[PDB]
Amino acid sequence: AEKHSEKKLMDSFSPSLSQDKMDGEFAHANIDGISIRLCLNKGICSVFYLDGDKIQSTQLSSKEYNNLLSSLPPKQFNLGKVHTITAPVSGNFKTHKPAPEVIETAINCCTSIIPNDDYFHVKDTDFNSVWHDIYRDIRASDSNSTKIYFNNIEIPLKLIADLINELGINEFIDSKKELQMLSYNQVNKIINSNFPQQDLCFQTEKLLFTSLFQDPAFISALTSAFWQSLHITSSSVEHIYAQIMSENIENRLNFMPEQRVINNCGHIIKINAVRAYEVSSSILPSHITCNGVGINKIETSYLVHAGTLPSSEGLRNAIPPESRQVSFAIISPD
């Protein structure tokens, strides 16, 4: 009851990039005349309530603030610190994979932006492995947590495999190759193979994916999302990532030296049209915490412009480090 309203606000919250935000403001929500601003000052979170001209505020304790963090939408905020979100399960050190609740929590949690002032330049090697990267990942998806969405619509994995296959992406395609785009005839085959249902909604989806799928910028957006080094955009990311892996290693040695632990649970990829595309590509490597098998959510978001060609040249030129935003979160079993 009171829970939908709550989750409906909260989603309303967006990162504050605005140049005219309050001091330390990292998020805002503007609801029908009212505005809420969330600010950090020396790591302390305050909430500002703007009803026209009133302006009241509240300073949150560390507890109330972590509660707030867990209820934010899965967006990239400038939190200035990689946080740990607790999932609703008790961990144990006798498992090889995160519990479903940890996976679920990781899928839906906000993350903290790693500032990229010292971003790397485009290199000739960028996106070299992209074709083999998507192949390997889709091949292993039938036991993955991999999910791919266009505009909040799950694209069935079998349909992705059929697409990637007819695009000629396999185990020996040649890294430098530029993908030839599928005819209307070709995609129409796959799409219809994977959408038997005749409902208006399925008919709309069939149409939607028929149009995308012939859009090279879309193919480029989808495939680029799987590049294994997509997120290495700066020394700063390197540094955070190293600190995180060190903590993973320490907890592993400390808590489950003998236990096997899977490395990664796959990609969560959300794609939206702006014709151009916004991509959010999250990788979910496992992360041992003091409670059990958790996840380190690393999310990269970027824009893919309308004329992008599906090749390593097309990709590294369309999606340079400077235009990717990288964010982190740790998700822990309770």
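The numbering used is simple: start at 1 and walk along the sequence shown.
Participant: Counting only residues that lack coordinates, how big is the gap in the deposited sequence between residue 31 and residue 32? Pick none, 1 to 3, 4 to 9 or 10 or more.
Facilitator: Missing in between: none.
Participant: So, looking at the entry's B-factor column for Cα atoms, which has the higher mean, 139-147 or 240-248?
Facilitator: Higher mean C-alpha B-factor: 139-147.
Participant: So which stretch wins on mean C-alpha B-factor, 101-109 or 188-196?
Facilitator: Going by the record's values, the stretch with the higher mean is 188-196.
Participant: Whose C-alpha has the highest temperature factor in the PDB entry: 164, 201, 217, 155?
Facilitator: It is 201.
Participant: Using the temperature factors in the entry, find which of 269, 288, 60, 284 has the highest value at its Cα atom.
Facilitator: Most elevated C-alpha B-factor of the set, per the entry: 60.
Participant: Based on the entry's values, in what third of the chain does the Cα temperature factor of residue 305 lie: lowest, middle or highest?
Facilitator: Answer is middle: the recorded C-alpha B-factor places it there.
Participant: Ordered by C-alpha B-factor within the chain, which third holds residue 74? Give me lowest, middle or highest, please.
Facilitator: Tercile = lowest for this residue's CA B-factor.
Participant: Please place residue 24 in the lowest, middle or highest third of its chain by C-alpha B factor as given in the entry.
Facilitator: Highest third.
Participant: Quick check on the deposited entry: does the C-alpha B-factor of residue 254 sit in the lowest, middle or highest third of its chain?
Facilitator: It belongs to the lowest third of the chain when residues are ordered by C-alpha B-factor.
Participant: Could you say whether, by C-alpha temperature factor, residue 17 belongs to the lowest, middle or highest third of its chain?
Facilitator: Tercile = highest for this residue's CA B-factor.
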